[PDB]
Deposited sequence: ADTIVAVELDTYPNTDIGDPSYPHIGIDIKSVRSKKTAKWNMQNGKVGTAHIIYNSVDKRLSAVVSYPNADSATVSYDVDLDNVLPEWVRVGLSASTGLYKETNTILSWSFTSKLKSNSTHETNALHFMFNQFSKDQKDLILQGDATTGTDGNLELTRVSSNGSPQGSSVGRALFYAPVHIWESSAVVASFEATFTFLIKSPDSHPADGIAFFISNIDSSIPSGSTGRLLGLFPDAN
């Protein structure tokens, strides 16, 4: 199975819409109430550092309240050293979209050594149709008004975009490793109470959507069971 660490946002009535931190399981290690806002653009900000060992996520909407969830986890003990970072989404049987308007990420490995910092950073505010630096899985596509549609714009759609370059998320010799990620999303549905999930995840480099991970398995987990 893949190793997944995910910060996910979902409305699946398994049980209000919530934001949750998932460490290797769909049974969230920590959750907080999130008030989904149909048709508004949301902003999710994920941050981690190895001195604190605290994975944290804030989701806010313009003019509305922020939902925040934090969880103590040492990712050294959870992930491979080299990973791929990406975005996932799964639709229930409703008409709705999962559009990502922008995605940026920064990883930093600071050594013991004076000024020895290794860093990766990418920022996408505009996705082209041939976004060669992204691995698109599922029903995910780019170029859609310069956006990335993660789910098919077909109920029970699942889609994922991973950044191409493997990311060195930790190292047995860094005094501080840290990453931060931010994406803006828009979830539009015609329906009153649509079931939908978006997640930012970190997995082994060769992760693939497990067979049958639709719905609240979010394109990441093969099973709750």
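Problem set entry | Missing C-alpha runs, given along the deposited sequence, first residue counted as 1 | No C-alpha coordinates exist for 15-20, 160-165.
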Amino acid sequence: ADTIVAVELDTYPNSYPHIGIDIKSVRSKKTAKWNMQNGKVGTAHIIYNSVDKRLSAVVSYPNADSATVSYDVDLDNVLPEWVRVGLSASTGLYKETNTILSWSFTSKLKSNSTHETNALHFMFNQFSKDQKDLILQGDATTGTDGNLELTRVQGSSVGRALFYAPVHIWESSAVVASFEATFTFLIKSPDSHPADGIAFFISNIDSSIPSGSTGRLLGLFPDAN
From here on, numbers count along this sequence of modelled residues.
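So that the term is clear: the rigid core is the largest set of C-alpha atoms that superpose within 1.5 Å between two forms.
Problem set entry | Between 91-99 and 131-139, larger RMS Cα displacement in 9 other deposited structures of this protein after core fit | Of 131-139 and 91-99, the stretch deviating more in 9 other deposited structures of this protein is 91-99.
Exercise. Do the Cα atoms of 165-173 stray more than those of 179-187 in 9 other deposited structures of this protein, or is it the other way round, with the core held fixed?
Worked result: Stretch with the higher C-alpha RMS distance in 9 other deposited structures of this protein: 165-173.
For this session: Read off the CA B-factors in the entry, average them over 52-60 and over 192-200, and name the higher stretch.
Result: Here the higher of the two C-alpha B-factor means belongs to 192-200.
For this session: Please work out which of 83-91 and 144-152 has the higher mean CA B-factor as recorded in the PDB entry.
Result: Taking the mean B-factor of the alpha carbons in each, 144-152 is higher.
For this session: Would you check the entry's CA temperature factor for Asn112 and let me know if it's in the chain's lowest, middle or highest third?
Result: Highest third of the chain for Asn112's C-alpha B-factor.
Problem set entry | Entry-reported Cα temperature factor of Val5, expressed as the chain third it lands in | Lowest third - that is where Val5 ends up once the chain's C-alpha B-factors are sorted.
Problem set entry | Entry-reported Cα temperature factor of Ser70, expressed as the chain third it lands in | Answer is middle: the recorded C-alpha B-factor places it there.
For this session: Give the position of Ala161 by CA B-factor within its chain, expressed as the lowest, middle or highest third.
Result: Lowest third.
Problem set entry | Modelled-residue ranking by C-alpha temperature factor, third containing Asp76 | Its C-alpha B-factor, which the entry lists for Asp76, ranks in the middle third among residues of this chain.
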